[PDB]
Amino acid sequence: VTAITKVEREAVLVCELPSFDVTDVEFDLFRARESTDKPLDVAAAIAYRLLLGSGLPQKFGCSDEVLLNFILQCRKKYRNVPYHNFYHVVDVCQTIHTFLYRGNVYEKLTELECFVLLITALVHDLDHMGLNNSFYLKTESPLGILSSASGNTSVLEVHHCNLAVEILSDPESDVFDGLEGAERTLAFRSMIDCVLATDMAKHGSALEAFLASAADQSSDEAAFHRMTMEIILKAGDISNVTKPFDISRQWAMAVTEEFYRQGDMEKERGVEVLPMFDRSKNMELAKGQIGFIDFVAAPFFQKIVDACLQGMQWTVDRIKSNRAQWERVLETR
């Protein structure tokens, strides 16, 4: 990987972020993108500011310049797609910060684990192309074959891990270079385990395992910590519905357009197209958001909050409020 030139760096540094509190649950990344003509610069800045503010790269020997380089190396690896672009991962990062620090989830983990989660947010969908794992396996693409012959159906996640390891293997972008022995090993391993757990095919099993561990007073402690990390990155990944309605709506539009584009390609190549990806059906956004809420996100947040993450109660409340708003849209249709 080519090095991060100083103007690249300096450009991110000049962003000022006035009128924004990045630690707030109502922080609005869409507004931040619109507030200047270099949104990719402002996004980077939000991440940088989040990490320095936590107090954590400092404690694990990661300097500010390495921190920036890492972010910028991650950024160059994000494509221009509607949803799975760099803003999604910065959003996941900032959202995770709120879970740890407004939701008190920090109490369940070590400082290193908190540091790892914030970093892992930025790598977790590196080089995403707007196409889901299913696409690669249907069209027998190289990545699909490679994953399949390697023994792992989590096509993109193994890909994102491979690239995260490749970025951290360069010392000018190694945010974990100041760690040693068991700590270094733990950061790599937990980072990887977290990104592999974002595959939604494993959603049910990762949720059941966390729940089972949280209910058991004699759970292996190390194991509980890992699963809590995995669940928190999962939580950030499906956190669009826990945000203020207008934000949530904006995310929904973006993911919908990405899904549609995949469907367009699937038609071209002749493979099977599901209705959710079919632009020639035009379901309403509301129904699609209500279904995601009822089948995936409300039970997930409700369950983890009740199991042991009591501080995240606002996620359940906002999901409830967002659902009602979507119902209201349909009720006055």
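For clarity, a rigid core is taken as the largest C-alpha set superposing within 1.5 Å between two forms. In case it trips you up, residue 1 is the first one in the sequence shown, and so on.
**Student:** Any chance you could tell me whether 131-139 or 146-154 drifts more in 9 other deposited structures of this protein, judged by RMS CA distance from this form after superposing on the core?
**Tutor:** So, of the two stretches, the farther one in 9 other deposited structures of this protein is 146-154.
**Student:** Once the rigid core is matched, which of the two stretches, 294-302 or 280-288, lies farther off on average in 9 other deposited structures of this protein by C-alpha?
**Tutor:** Larger mean C-alpha displacement, comparing 294-302 and 280-288 in 9 other deposited structures of this protein, is found in 280-288.
**Student:** Higher average CA B factor in the deposited record is what I'm after, so tell me if that's 2-10 or 323-331.
**Tutor:** Of 323-331 and 2-10, the stretch with the higher C-alpha B-factor average is 2-10.
**Student:** Mean CA B-factor: is it higher for 12-20 or for 314-322?
**Tutor:** The stretch with the larger average C-alpha B-factor is 12-20.
**Student:** Maximum C-alpha temperature factor per the entry, among 47, 40, 293, 304, belongs to which one?
**Tutor:** Answer, based on the entry's C-alpha B-factors: 40.
**Student:** Out of 84, 76, 97, 108, which one has a C-alpha B factor higher than all the others in the entry?
**Tutor:** Of the options given, 76 has the highest CA B-factor in the PDB entry.
**Student:** Classify residue 300 as lowest, middle or highest third according to the C-alpha B-factor given in the PDB entry, relative to its own chain.
**Tutor:** Bottom third by C-alpha B-factor.
**Student:** Could you place residue 261 in the lowest, middle or highest third of its chain by Cα temperature factor, using the values in the record?
**Tutor:** Its C-alpha B-factor belongs to the middle third of this chain's values.
**Student:** Divide the modelled residues of the chain into thirds by Cα B-factor and specify which third, lowest, middle or highest, holds residue 216.
**Tutor:** Bottom third by C-alpha B-factor.
**Student:** Taking the C-alpha B-factors as the PDB entry records them, is residue 119 in the lowest, middle or highest third of its chain?
**Tutor:** Lowest third - that is where residue 119 ends up once the chain's C-alpha B-factors are sorted.
**Student:** Quick check on the deposited entry: does the C-alpha B-factor of residue 143 sit in the lowest, middle or highest third of its chain?
**Tutor:** It falls in the middle third of the chain.
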